[PDB]
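Data block below; observations after.
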Amino acid sequence: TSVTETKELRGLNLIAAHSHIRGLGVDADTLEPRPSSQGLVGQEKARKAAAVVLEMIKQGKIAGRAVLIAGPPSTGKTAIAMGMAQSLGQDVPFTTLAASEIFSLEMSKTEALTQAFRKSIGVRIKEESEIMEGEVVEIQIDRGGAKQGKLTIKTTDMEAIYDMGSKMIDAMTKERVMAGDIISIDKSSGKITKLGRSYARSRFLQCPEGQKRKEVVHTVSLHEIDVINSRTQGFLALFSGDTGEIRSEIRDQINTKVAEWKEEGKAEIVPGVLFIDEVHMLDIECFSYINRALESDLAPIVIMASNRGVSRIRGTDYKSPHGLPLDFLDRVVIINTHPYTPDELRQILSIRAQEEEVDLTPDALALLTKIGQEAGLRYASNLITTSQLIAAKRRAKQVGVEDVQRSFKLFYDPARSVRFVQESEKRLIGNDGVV
Amino acid sequence: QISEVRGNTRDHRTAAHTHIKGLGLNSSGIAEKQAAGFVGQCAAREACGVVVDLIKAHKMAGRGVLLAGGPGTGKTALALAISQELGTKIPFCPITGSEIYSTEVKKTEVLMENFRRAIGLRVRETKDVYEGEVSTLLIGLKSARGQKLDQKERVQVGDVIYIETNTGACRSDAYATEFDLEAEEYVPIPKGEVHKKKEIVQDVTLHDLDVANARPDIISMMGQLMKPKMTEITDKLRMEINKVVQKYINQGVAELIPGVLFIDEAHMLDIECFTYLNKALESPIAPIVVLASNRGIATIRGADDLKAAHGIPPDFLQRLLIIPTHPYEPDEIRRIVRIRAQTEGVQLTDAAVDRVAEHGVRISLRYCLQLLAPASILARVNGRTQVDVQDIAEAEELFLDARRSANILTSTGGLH
Amino acid sequence: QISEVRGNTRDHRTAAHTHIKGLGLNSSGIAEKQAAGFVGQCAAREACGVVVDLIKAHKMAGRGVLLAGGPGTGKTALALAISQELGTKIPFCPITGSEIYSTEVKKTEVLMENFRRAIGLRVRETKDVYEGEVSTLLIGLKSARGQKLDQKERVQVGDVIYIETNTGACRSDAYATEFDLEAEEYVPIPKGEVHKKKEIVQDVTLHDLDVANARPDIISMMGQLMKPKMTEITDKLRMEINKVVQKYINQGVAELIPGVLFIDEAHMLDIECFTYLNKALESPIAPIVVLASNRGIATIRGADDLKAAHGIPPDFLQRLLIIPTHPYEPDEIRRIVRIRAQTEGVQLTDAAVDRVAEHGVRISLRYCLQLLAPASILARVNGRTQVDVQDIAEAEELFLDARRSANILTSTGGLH
Amino acid sequence: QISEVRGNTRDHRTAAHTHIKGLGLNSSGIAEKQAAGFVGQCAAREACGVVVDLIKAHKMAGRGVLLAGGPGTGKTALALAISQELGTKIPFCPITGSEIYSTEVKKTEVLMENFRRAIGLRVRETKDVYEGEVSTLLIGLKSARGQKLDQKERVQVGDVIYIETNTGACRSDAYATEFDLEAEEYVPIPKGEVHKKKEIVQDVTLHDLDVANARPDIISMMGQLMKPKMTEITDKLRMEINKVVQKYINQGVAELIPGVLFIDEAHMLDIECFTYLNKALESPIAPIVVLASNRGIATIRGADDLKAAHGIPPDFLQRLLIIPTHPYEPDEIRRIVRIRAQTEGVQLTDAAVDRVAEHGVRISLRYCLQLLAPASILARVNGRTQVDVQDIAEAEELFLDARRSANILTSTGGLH
Ligand SMILES: Nc1ncnc2c1ncn2[C@@H]1O[C@H](COP(=O)(O)OP(=O)(O)O)[C@@H](O)[C@H]1O
Ligand SMILES: Nc1ncnc2c1ncn2[C@@H]1O[C@H](COP(=O)(O)OP(=O)(O)O)[C@@H](O)[C@H]1O
Ligand SMILES: Nc1ncnc2c1ncn2[C@@H]1O[C@H](COP(=O)(O)OP(=O)(O)O)[C@@H](O)[C@H]1O
Ligand SMILES: Nc1ncnc2c1ncn2[C@@H]1O[C@H](COP(=O)(O)OP(=O)(O)O)[C@@H](O)[C@H]1O
C-alpha cells in the first residue's frame, strides 16, 4: 500500500487474455521455436524473429530501433509482445497501450506518451522490507461496491487471516493463488511471489517455519515514483473530472533523486518494454516523441503492432506501409504474423477455455473453431464466456454445441452486424435479382 | 454535506417506455413472445438476459454492449430492461451521441456528468435518534412537545444535543439574552419528541448529490438553463461528494450501485470520447456502457476517413458484445400500438390500429406512435371517446414524417 | 559560465556511416571509384567537393545544397563527407523533416536547437596557471602538496588565488574558525602543485554549452526525456552562452566554427520553416544547410496545393545547388555490403554477400544492410564464425521490408 | 502542549533556610521554643499558624500578611514555613521589591511572572498505556521488544497507536519505502513492551509550564540571560498554558494548587504594583500574598510625599494581617549559628560560636552567618577540622559589614 512494484502492473489492461503466455516458447541455445510451448502456438517464424530481436538488444547490435509486428486481426501480435516481455523477467516493467489512448481530453498527447514511457522504465533499489511468507489455507473473494476478500495464510508456528483490497485480489488472481501454494508478500509493495506448493495438485516446498524483515530488491517504475510523491488520486477519480497529469515540479524532484541514486550507486535503471497497439493511429508528432525517447540510454524496448497494410501518416497527407513516417520505417525491425490453420486455432481456444476454467464438449470446441476461422479468435474467445452462462442457466455439466450455437445466434460479430443493419434498411438486390 | 438528498431524473426520455417492466424472460433464460411489456424481439431480449446474468456473475470485466438495429427496433427499451433486470431502482441514464457536442461544456465533461447519473447510492437506514436540550442525572433532554438507562464530549447541560443509537454524534435559545448580540452560538429547541424513529430510504445518484451541494429554492434552477456558463458543479465539489460517499460505504450505511449508461447514436462519439469510455470500462465501480447504432458502416470521428463497423473504432468494438435488433411484423406493430394506447389512456378501433400499423411499416414505430395523441384530440373535439380510422387519416395529413416532409419540399424525379 | 564543457552527440544517426572518412577525391578534385569508404557515386562526390571548395573560398554567400536521389543512394553519407572535407572535428548535425513536428516545441524552436548543434567552438589552450594560498615577498603561494621573479587586486596575504600567465584572474580554510558560522567566504587550499600546465583542447557545439549551463549528475538527464515540458534551455540562457562565447573569440582563445546542418525529408518542412532557413543562410556565422529529397514532385507545405520540385518552394530552391545521387549496380552494392561487414565485425561467404546484394537491388541498400546483424546471430547460434547463404535466406523470411510487409497484409490482384 | 514538564526553582534564595522544616507548633497551635529548625520567635510563629489555619478554613477572602520586623528577624523563614505548613510541595516564591524595577520588563509583568511561580499543579497519575503497531482480531499490537479481551477511530491495521485505559487516545516505519520521499507520515515502532504502567507524579508551577513551552537543549537558556529582549513567554503562550491546565483539572487529573508569593522590601512597590496585588487578592485561584517590611514609616511610591505605615498604602494595609517579628537574645543567636553550622557541614568551638553571636548582636544574624564559610577556609588552610575564635577574629577583619565598611571610608566625628 506504500508502493506498487513493476511485476504486479505488467501489461495491466491486456494480461487476462494473454495469461497463458509464460514466454516466447523457444530453446536458449538453438533459437528454434517448439510448435506449442510456454503458452504460444504455431506462430513459429514470428516467435523465432522475436527471439533473434531480443538477443540483438542483449548483444547491443541494435540501438534506438523499435519493433513492428504486422499481421491480420487475432494473429498473436499482442501475444508475441507479451512473450518477448515475459522472457526478460518478472521484475522488468511492461506497459501496454492502444495508440488511440494518447488522444484524450483529460491529458495532453505529450503527457500520455510521457506516462507511457515512465511506466516502462523501472528503478531498482536494494532496501529492507517486511516479507510475509507462508502456506495458503483459504482465499475468499466477494465482489466498497467492488471486490473485498480474505486470505488465511499459515506458517508451521503462526495462523493468521488478512483482509484484502481490490488491488491485492487482482494481483492474487494474476498470480493464480490457490489454497496450498507457498507465497511471499512484500508488505510495502504488495508483491505476490509463488515459491512452491505444500501439497501437489493436478500432476514442492514445505510449509515455512516461524512476517520477517529482509534486504530485498525493489523495482518500481518512474511513473509509480511520480504517483507516490503526487496528491493521492481519490475514490471515483475517473468520474471526478480530475486529470491524471503529473505536476512538472514533482517529476523534476523524482528525476533528480533517481539521477542522484544512480550516480551514488544506490539505484540501477531497468529499461523494460513499451507496447503500442494500433500504431496507424499515432500522428507525426507522436512518432517524433518516440524518436527523441528512443535516443535515450534508459529507453525501453518499443514494440508496436498494426493490422493495416497501408495507412495515412496521420498529421501529413502522405501514405505508407502501416502508416509509419518513412524515416521511421528504416530504423524499425518488421516482424510478420499470419493466420492460423484450423488445427492451430483449436489449441489456442482450448488453452483460453482452461485459463477461463470452462469445460467444452469435443463438438463445442469444433464449432468454436469454425467460428474462429470465419470471425477471428477475439470474437470466438468472447463466445466461451457467454456459452458458459447459457449452459449454466439450463444447468449443464459441460458447455455443449447447443450453447455455442446460442452465443453465436444471440451475439453477432462485426461482419454480420454490419450485414444486418445494412440489409434491414436498404435492399441491394431486388426480388427479381436486379441490383 | 447533506444526508436528505432529493433525486432528479430526465423523465421525458423514459416517457415512451412506461410499459417496459423488464425483459420478460422465463427461469431458463428464454424470452416469452409477449411478456413484461415486450412484444417479440425474443433473441435480442434473451441476449440482454445473458448480459444481466454476466454482470451478476462478474464476468463483464471491461466489456460493453452494442445494440445494432434500425430506428424503432426497441434499442432504448432493451437498455431500460437491462437496468430493471439488474435489480430494484438501479440507475438508468439514456443519452445520445449528439448531446456530447456542447458549446460551453467539454465533450468528456458532459460524458462524466452522465456517468455520475449512472452511479447511485442505496441508503437503507432506521435512525434511532434521541435529540433535545439537556452517573447522576443519566438521561434527561427536552423537545418542543416532550421530555425523556444509558460518548463524553465538549458539551454542558442546557445545550441542544443530537445522538443516534448506531453512531454517536454532537447552547439553546431558552437561555439566550437580547444583551448578547451576534456573539451567538444559540440553537432552538428541537420540535416533536425526544425519541425519534425514522425509516430513511434513499435511491439517489452521484449527480443528485452534486446538484444538491451546488445549491448554497432549487426547483427553478432545475427548471432552468439559468446562466450560459453553468460553473456550479466543480472538481473540488465532485471530490467532496466522493469523499463523503466513501465514508457512508465504509460505515456500511450506503451501497454504491453502478447502473446503466445508455449511449444512442454511438457513431457520433469521437476517438477522445471512446478513450474516455475505455478508461471507464477498466474501473470496477463503473456502470455498464450500453451503446446503440443504426449505422452499418460509418466513419471514425477523429480519424482520417477510416470507415468501420457502426462507426465504433476497432479497439472499442473488441470490448463490445454486439446484439442485433430486428424490425417488426404488421401484427407485432399492432400489439405495441395497443400497449401504448392503454398506457397513454387513449383507445381506438381495430381499423384505426390497422392504419397506425401501416405507418409503422413504411416509416418507423416512433412516427406512427406519435399519431395517437393528435388523433385523440381530433376524436374528442368531434365528440368521440374512441379514435376512428378517419382521425388517423387526418392526423397523417396534418403531421408529416421527416422523409415525407422533405420529399414534397424538394418536389416544390426523385431517386436515391 | 563554464569553461570545461562536455560535448554530446546523437551517435545512432552516424552509426551506419562509420566507414565514410571523407569524399575520397584526388588533388585535381576528381573522385576515385573506391576511396575513403566510398564506392562509386563519383559525380555526386565530385560535386560535394566543389561545394566544400566554394565554402573554403567564401562563395556560398547565401546558398544551400540539395541532394536529390532515391532511398539509400548515399545522401546522409555525402552530407557527413562534406563536414569531414571542411576540416577536423567540424560539427555535423543530421536531422529529418519529420523531427520538426514536436507537440510541445515550436517548429522553428527545434530547427534553432539543431542550428546550435551545427555551430561549434575550437578552444586551443595551454593554461600556465599559478594557484594557491598566499617589492618584498614577490611570489609565495602554497598548494596541498607544494609551495613556490614577477595585477594588484582587492586580496590580502593568506587568501586562495588563481592567476594565469596569458590573462590575469582572481580567504583560506586554514584560518577559518568554528566560532564563525556561515558568515563564511572560506575556500580550501588547491590540490596538487602551485605551477600547473594544462593542455586544454575542446571541440564543443553551442548546444553542448547550453545543455551544460541548463544543469544547476546530468548523464541521466541526457539519457532521459524526463519531463513533458522540457523548459530548461531558455532565451536568456542562450543569450548568456552567446555573450560569453563572443568574449572567448574577442580574446582569441576560441574559434567559432560553422558546421553542417543536414536536413533529410526536406519536403516535410513548411513555408515557416523555409523562411527560418532563408534568414539563416543570410548570416555569415550560419552553418551550411544541406537538404535531401527522394521526392520528384511534392506539394509545398503551407501553400494551397502548389506542387513544386522536391517539395521545396521556388524562393528557397533558387538558393540551393542541386546534386543528383544515382542508384548502385549489384557489384557496387556487394562492395558496400563487404565494407559494412568489416566495420561491424561480421564476415560472410561471397554467396551470402550475393544474396544480400539481391535484396539491395529490389529493396534499397538500407534494408539489406539490416540483414547482416540477425544472420550473424543465426550463424553464431548454429555454431558458425562465418555467415552463409542459408542464414541470409532465413533472415529475409524472419525480418520483412516495409513494402513486402504491407503487400501480404493487404493480400490477407495488387497494382499501382 | 507537554505533559512531562521539568520544574525550575531559584534555590539560592531558599539556601539559608535549609533547616526550616515547618513552623514547629503543637496540636493546640502553640509554638515550641525550639522545633522544626526554629529557635524562639514563638508569637510570630503562632500568628503564622493562625494564618495557615485561616487559609485551610477559607477565611482569607481577600486578605494578605505583613511581616514587620528588623533585618534578620526570620521573616523570609516564616514565609517559607507558611508554604510548608499549608501542605506538601506547595509553591513558594520569595522575591524583593527592588526586583520589580526591570529595564526591559514592565513593573507588573515581572510581578505576573512570580505569581505564575506561586501557582502550581499536582498531577497524581498511574497511566495504564497499551501502545504499538497494529469482533475478530480484537487486540494485537507489537513493540520493539514484545507483542500482546477488549473507541473506533480513523486508523487502519499496521499503524502505530497509543491508547490509555482511563482516557482513549490516538503509519509505521516497517512499511515505509525509500521511493516515497517526504510525503511521509511514518512513525517508528514504540520501544519496550506493549503494556506499560507509569507512576506519573509532577509538582510543577505555571511558570515551569510556560518556560518549557517557550522552548521550540534548554538548560543553557536557564543558565543564561541570553538576549536583552527576552520575548519568549508571550500573552498567547500564557493563555495556551491556562487552557490546557484547565482541561487537566476538568478531567480530575491535576490539582491547581495556590502557593505563597513572598514579597520582601514591600515599601519598594508603588501604587501601580499595589493595585495589581489588590486585583490578585480578589481572585479565589490566587496564592497568598505575604509582604515584608523593616521600615516603620516610609513614603508611598507613586504618591505626593505621603508617608504611611511600612510604606504600604492605606487601601492595601487594610487587607493585610500584620505580624511583628522580634530581635534575638545572644543565647538565641548561638542556637541559630549552631543549627546553620550543622546544616552547612562546618563545626566550631563554643568560644567561636560566642564571637559569631557577638557580631549577630551588633550587626544582624545575616552578617555573622556569612562569617562561618571564610573561617572554615581559614581553619582548613591552617590544618584544622574545627573552627576556632582566632579564625572568627580573622574573618571579621577580612570581610566587613555594610555599616562598618562605610564608616571607615567616610573617616578616610560621625553622628546620626
Ligand atoms: N500463437 C498463439 N498462441 C497462443 N495464444 C494465441 C496465439 N495467437 C493469439 N493467441 C490468443 O488469441 C487471442 C487473440 O489474439 P491476439 O494476440 O490478441 O491478436 P492480435 O494479433 O490481433 O494482437 C488472445 O487471447 C491471444 O492470447
Ligand atoms: N418489442 C417491443 N415491445 C414493446 N414495445 C416496443 C418494442 N420495440 C419497441 N417498442 C416501443 O416502441 C417505441 C420506440 O422504440 P425504441 O425503444 O425507441 O427503439 P429504438 O431505440 O431502436 O429507436 C418505444 O415506445 C418502445 O418501448
Ligand atoms: N557510395 C557509397 N559508398 C559507401 N557506402 C555507401 C555508399 N552509398 C551508400 N552507402 C552506405 O549505405 C547506407 C545507407 O545509405 P545512406 O547514406 O543512408 O543513403 P540515403 O541518405 O540516400 O538513404 C549507409 O551505411 C551508407 O554509408
Ligand atoms: N527563629 C529562627 N530560628 C532559626 N533560624 C532563624 C530564625 N530567625 C532567623 N533565622 C535564620 O537566620 C537567617 C537570616 O534570617 P531571615 O529569615 O532572612 O530574616 P529576615 O527575612 O527578617 O532578614 C536565615 O538563615 C534564617 O533561617
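For the C-alpha cells, the naming scheme is as follows: chains receive sequential letters (A, B, ...) according to their order of presentation, residues are indexed from 1 within each chain, and ligands are indexed from 1 in presentation order.
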
Using only C-alpha atoms and all ligand atoms, find each residue with an atom at most 9 Å away from ligand 4 and format the answer as an mmCIF file with N, CA, C and O atoms, in the first residue's frame.
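And here is the file that came out, result26.cif:
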data_model
loop_
_atom_site.group_PDB
_atom_site.id
_atom_site.type_symbol
_atom_site.label_atom_id
_atom_site.label_comp_id
_atom_site.auth_asym_id
_atom_site.auth_seq_id
_atom_site.Cartn_x
_atom_site.Cartn_y
_atom_site.Cartn_z
ATOM 1 N N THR D 14 16.387 30.169 48.765
ATOM 2 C CA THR D 14 15.977 29.254 49.830
ATOM 3 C C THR D 14 17.194 28.472 50.417
ATOM 4 O O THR D 14 17.007 27.489 51.140
ATOM 5 N N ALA D 15 18.428 28.949 50.136
ATOM 6 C CA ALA D 15 19.690 28.347 50.576
ATOM 7 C C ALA D 15 19.932 28.467 52.087
ATOM 8 O O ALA D 15 20.355 27.497 52.726
ATOM 9 N N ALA D 16 19.662 29.649 52.656
ATOM 10 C CA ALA D 16 19.871 29.913 54.080
ATOM 11 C C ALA D 16 18.751 29.359 54.965
ATOM 12 O O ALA D 16 18.850 29.427 56.191
ATOM 13 N N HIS D 17 17.699 28.800 54.349
ATOM 14 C CA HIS D 17 16.545 28.257 55.052
ATOM 15 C C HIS D 17 16.375 26.767 54.753
ATOM 16 O O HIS D 17 15.264 26.281 54.512
ATOM 17 N N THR D 18 17.498 26.039 54.786
ATOM 18 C CA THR D 18 17.547 24.590 54.569
ATOM 19 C C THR D 18 17.073 23.839 55.818
ATOM 20 O O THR D 18 16.574 22.717 55.704
ATOM 21 N N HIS D 19 17.205 24.474 57.004
ATOM 22 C CA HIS D 19 16.825 23.914 58.303
ATOM 23 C C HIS D 19 15.345 24.074 58.659
ATOM 24 O O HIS D 19 14.820 23.234 59.401
ATOM 25 N N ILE D 20 14.676 25.149 58.167
ATOM 26 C CA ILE D 20 13.253 25.369 58.451
ATOM 27 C C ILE D 20 12.421 24.307 57.701
ATOM 28 O O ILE D 20 12.350 24.306 56.465
ATOM 29 N N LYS D 33 9.408 26.492 71.862
ATOM 30 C CA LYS D 33 10.588 27.367 71.855
ATOM 31 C C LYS D 33 11.709 26.932 70.894
ATOM 32 O O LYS D 33 12.347 27.800 70.302
ATOM 33 N N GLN D 34 11.925 25.614 70.715
ATOM 34 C CA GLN D 34 12.912 25.069 69.777
ATOM 35 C C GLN D 34 12.335 23.844 69.049
ATOM 36 O O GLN D 34 12.308 22.749 69.619
ATOM 37 N N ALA D 35 11.823 24.044 67.806
ATOM 38 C CA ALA D 35 11.215 22.983 66.982
ATOM 39 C C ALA D 35 11.204 23.286 65.477
ATOM 40 O O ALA D 35 11.081 24.447 65.084
ATOM 41 N N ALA D 36 11.304 22.219 64.642
ATOM 42 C CA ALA D 36 11.295 22.215 63.163
ATOM 43 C C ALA D 36 12.342 23.147 62.498
ATOM 44 O O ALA D 36 12.168 23.569 61.348
ATOM 45 N N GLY D 37 13.436 23.404 63.211
ATOM 46 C CA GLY D 37 14.516 24.270 62.750
ATOM 47 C C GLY D 37 14.501 25.638 63.402
ATOM 48 O O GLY D 37 15.524 26.327 63.414
ATOM 49 N N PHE D 38 13.340 26.033 63.961
ATOM 50 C CA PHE D 38 13.140 27.324 64.614
ATOM 51 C C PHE D 38 13.648 27.399 66.045
ATOM 52 O O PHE D 38 13.590 26.418 66.781
ATOM 53 N N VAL D 39 14.122 28.591 66.438
ATOM 54 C CA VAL D 39 14.606 28.927 67.778
ATOM 55 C C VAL D 39 13.979 30.272 68.147
ATOM 56 O O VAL D 39 14.314 31.311 67.560
ATOM 57 N N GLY D 40 13.051 30.226 69.093
ATOM 58 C CA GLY D 40 12.328 31.406 69.541
ATOM 59 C C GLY D 40 11.323 31.871 68.509
ATOM 60 O O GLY D 40 10.851 31.058 67.709
ATOM 61 N N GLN D 41 10.998 33.184 68.520
ATOM 62 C CA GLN D 41 10.023 33.835 67.631
ATOM 63 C C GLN D 41 8.636 33.149 67.714
ATOM 64 O O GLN D 41 7.886 33.114 66.735
ATOM 65 N N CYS D 42 8.310 32.623 68.916
ATOM 66 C CA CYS D 42 7.101 31.871 69.252
ATOM 67 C C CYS D 42 5.799 32.549 68.812
ATOM 68 O O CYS D 42 5.055 31.948 68.034
ATOM 69 N N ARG D 45 5.497 32.879 65.065
ATOM 70 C CA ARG D 45 5.322 31.521 64.534
ATOM 71 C C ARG D 45 3.880 31.061 64.757
ATOM 72 O O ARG D 45 3.298 30.429 63.876
ATOM 73 N N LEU D 67 4.718 40.981 57.398
ATOM 74 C CA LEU D 67 5.707 40.624 58.402
ATOM 75 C C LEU D 67 6.574 41.850 58.703
ATOM 76 O O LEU D 67 7.425 42.233 57.897
ATOM 77 N N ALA D 68 6.294 42.508 59.835
ATOM 78 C CA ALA D 68 7.008 43.709 60.253
ATOM 79 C C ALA D 68 8.066 43.356 61.281
ATOM 80 O O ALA D 68 7.748 42.851 62.353
ATOM 81 N N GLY D 69 9.319 43.605 60.930
ATOM 82 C CA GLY D 69 10.463 43.340 61.792
ATOM 83 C C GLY D 69 11.746 43.920 61.248
ATOM 84 O O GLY D 69 11.759 44.458 60.144
ATOM 85 N N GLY D 70 12.818 43.811 62.021
ATOM 86 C CA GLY D 70 14.124 44.316 61.618
ATOM 87 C C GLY D 70 14.887 43.324 60.764
ATOM 88 O O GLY D 70 14.434 42.187 60.608
ATOM 89 N N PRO D 71 16.058 43.704 60.196
ATOM 90 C CA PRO D 71 16.812 42.739 59.373
ATOM 91 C C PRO D 71 17.282 41.518 60.167
ATOM 92 O O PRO D 71 17.760 41.655 61.296
ATOM 93 N N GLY D 72 17.085 40.341 59.582
ATOM 94 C CA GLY D 72 17.463 39.067 60.181
ATOM 95 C C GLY D 72 16.611 38.639 61.359
ATOM 96 O O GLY D 72 17.138 38.056 62.310
ATOM 97 N N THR D 73 15.291 38.919 61.310
ATOM 98 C CA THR D 73 14.348 38.521 62.366
ATOM 99 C C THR D 73 13.490 37.321 61.936
ATOM 100 O O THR D 73 12.433 37.075 62.522
ATOM 101 N N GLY D 74 13.968 36.583 60.936
ATOM 102 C CA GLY D 74 13.315 35.385 60.421
ATOM 103 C C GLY D 74 12.042 35.601 59.635
ATOM 104 O O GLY D 74 11.145 34.761 59.702
ATOM 105 N N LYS D 75 11.953 36.698 58.865
ATOM 106 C CA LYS D 75 10.761 36.997 58.061
ATOM 107 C C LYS D 75 10.624 36.029 56.874
ATOM 108 O O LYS D 75 9.613 35.329 56.769
ATOM 109 N N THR D 76 11.672 35.948 56.022
ATOM 110 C CA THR D 76 11.747 35.047 54.863
ATOM 111 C C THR D 76 11.550 33.584 55.314
ATOM 112 O O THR D 76 10.939 32.798 54.584
ATOM 113 N N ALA D 77 12.046 33.238 56.530
ATOM 114 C CA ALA D 77 11.928 31.903 57.127
ATOM 115 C C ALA D 77 10.468 31.578 57.470
ATOM 116 O O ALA D 77 9.981 30.500 57.113
ATOM 117 N N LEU D 78 9.760 32.533 58.114
ATOM 118 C CA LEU D 78 8.347 32.402 58.484
ATOM 119 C C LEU D 78 7.479 32.262 57.249
ATOM 120 O O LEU D 78 6.511 31.500 57.262
ATOM 121 N N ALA D 79 7.849 32.982 56.176
ATOM 122 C CA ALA D 79 7.184 32.940 54.882
ATOM 123 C C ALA D 79 7.315 31.536 54.287
ATOM 124 O O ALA D 79 6.320 30.987 53.808
ATOM 125 N N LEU D 80 8.533 30.946 54.355
ATOM 126 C CA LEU D 80 8.811 29.585 53.885
ATOM 127 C C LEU D 80 8.059 28.559 54.731
ATOM 128 O O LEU D 80 7.542 27.587 54.184
ATOM 129 N N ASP D 264 9.517 40.650 49.924
ATOM 130 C CA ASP D 264 10.366 41.350 50.880
ATOM 131 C C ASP D 264 10.587 42.754 50.304
ATOM 132 O O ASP D 264 10.374 42.950 49.104
ATOM 133 N N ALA D 292 6.749 41.882 53.406
ATOM 134 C CA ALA D 292 7.700 42.108 54.497
ATOM 135 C C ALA D 292 8.283 43.504 54.462
ATOM 136 O O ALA D 292 8.683 43.980 53.399
ATOM 137 N N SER D 293 8.338 44.156 55.637
ATOM 138 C CA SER D 293 8.887 45.498 55.783
ATOM 139 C C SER D 293 9.677 45.691 57.075
ATOM 140 O O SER D 293 9.194 45.386 58.169
ATOM 141 N N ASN D 294 10.898 46.223 56.923
ATOM 142 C CA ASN D 294 11.815 46.570 58.004
ATOM 143 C C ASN D 294 11.768 48.085 58.224
ATOM 144 O O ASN D 294 12.599 48.635 58.946
ATOM 145 N N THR D 325 7.862 40.679 64.036
ATOM 146 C CA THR D 325 8.998 39.773 64.244
ATOM 147 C C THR D 325 10.086 40.484 65.067
ATOM 148 O O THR D 325 10.646 41.502 64.636
ATOM 149 N N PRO D 327 13.698 40.880 67.665
ATOM 150 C CA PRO D 327 15.117 40.507 67.542
ATOM 151 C C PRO D 327 15.455 39.375 68.527
ATOM 152 O O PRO D 327 14.641 39.055 69.404
ATOM 153 N N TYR D 328 16.644 38.761 68.388
ATOM 154 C CA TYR D 328 17.027 37.635 69.243
ATOM 155 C C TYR D 328 18.018 37.989 70.361
ATOM 156 O O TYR D 328 18.674 39.033 70.322
ATOM 157 N N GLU D 332 19.861 32.888 71.961
ATOM 158 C CA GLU D 332 19.006 32.538 70.819
ATOM 159 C C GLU D 332 19.823 32.512 69.533
ATOM 160 O O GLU D 332 19.666 31.587 68.735
ATOM 161 N N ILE D 333 20.703 33.523 69.351
ATOM 162 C CA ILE D 333 21.593 33.663 68.195
ATOM 163 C C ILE D 333 22.539 32.457 68.114
ATOM 164 O O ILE D 333 22.629 31.842 67.047
ATOM 165 N N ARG D 335 22.179 29.393 69.175
ATOM 166 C CA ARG D 335 21.430 28.216 68.726
ATOM 167 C C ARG D 335 21.323 28.218 67.208
ATOM 168 O O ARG D 335 21.688 27.221 66.585
ATOM 169 N N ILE D 336 20.868 29.358 66.614
ATOM 170 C CA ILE D 336 20.708 29.563 65.167
ATOM 171 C C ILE D 336 22.042 29.315 64.444
ATOM 172 O O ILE D 336 22.068 28.589 63.447
ATOM 173 N N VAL D 337 23.148 29.870 64.993
ATOM 174 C CA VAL D 337 24.520 29.716 64.489
ATOM 175 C C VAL D 337 24.880 28.227 64.446
ATOM 176 O O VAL D 337 25.355 27.742 63.415
ATOM 177 N N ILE D 339 22.770 25.563 64.486
ATOM 178 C CA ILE D 339 21.895 24.888 63.516
ATOM 179 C C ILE D 339 22.441 25.094 62.100
ATOM 180 O O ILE D 339 22.527 24.129 61.334
ATOM 181 N N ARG D 340 22.834 26.344 61.773
ATOM 182 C CA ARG D 340 23.404 26.696 60.475
ATOM 183 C C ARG D 340 24.711 25.966 60.222
ATOM 184 O O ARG D 340 24.919 25.471 59.116
ATOM 185 N N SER D 364 23.247 42.411 62.128
ATOM 186 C CA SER D 364 22.228 41.347 62.120
ATOM 187 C C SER D 364 22.794 39.898 62.095
ATOM 188 O O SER D 364 24.014 39.687 62.055
ATOM 189 N N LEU D 365 21.872 38.911 62.136
ATOM 190 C CA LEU D 365 22.124 37.472 62.054
ATOM 191 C C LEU D 365 22.773 37.169 60.702
ATOM 192 O O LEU D 365 23.736 36.402 60.641
ATOM 193 N N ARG D 366 22.221 37.778 59.623
ATOM 194 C CA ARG D 366 22.645 37.644 58.231
ATOM 195 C C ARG D 366 24.141 37.856 58.019
ATOM 196 O O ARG D 366 24.748 37.074 57.289
ATOM 197 N N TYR D 367 24.742 38.882 58.658
ATOM 198 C CA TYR D 367 26.173 39.146 58.515
ATOM 199 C C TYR D 367 27.025 38.093 59.201
ATOM 200 O O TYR D 367 27.966 37.595 58.585
ATOM 201 N N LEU D 369 26.306 35.081 60.094
ATOM 202 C CA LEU D 369 26.104 33.777 59.460
ATOM 203 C C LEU D 369 27.021 33.626 58.247
ATOM 204 O O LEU D 369 27.428 32.512 57.915
#

Test item: residues no farther than 6 Å from ligand 1, counting only C-alpha atoms and all ligand atoms, as a PyMOL selection string = chain A and resi 17-18+39-43+73-79+348+377-378

For chain A, which residues have at least one atom within 9 Å of chain B, if we go by only C-alpha atoms? Write them as a PyMOL selection string, please.
-> chain A and resi 13+98+100-106+143-147+166+234-242+277-278+281+312+314+378-379+382+385-386+389-390+393-395+407+409-415+417-422+424-425

From range 85-243 of chain D, collect each residue whose DSSP state is strand (DSSP E) and return the set as a count of residues only.
-> 40

A:138, A:181, A:55, A:175 ranked by distance to residue 163 in chain A, top pick (using only C-alpha atoms) |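 Checking each of A:138, A:181, A:55, A:175 against residue 163 in chain A, counting only C-alpha atoms, the winner is A:138.
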
Given only C-alpha atoms and all ligand atoms as the counted atoms, nearest of C:334, C:10, C:198, C:384 to ligand 3 |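 Of C:334, C:10, C:198, C:384, the one nearest ligand 3 is C:334, counting only C-alpha atoms and all ligand atoms.
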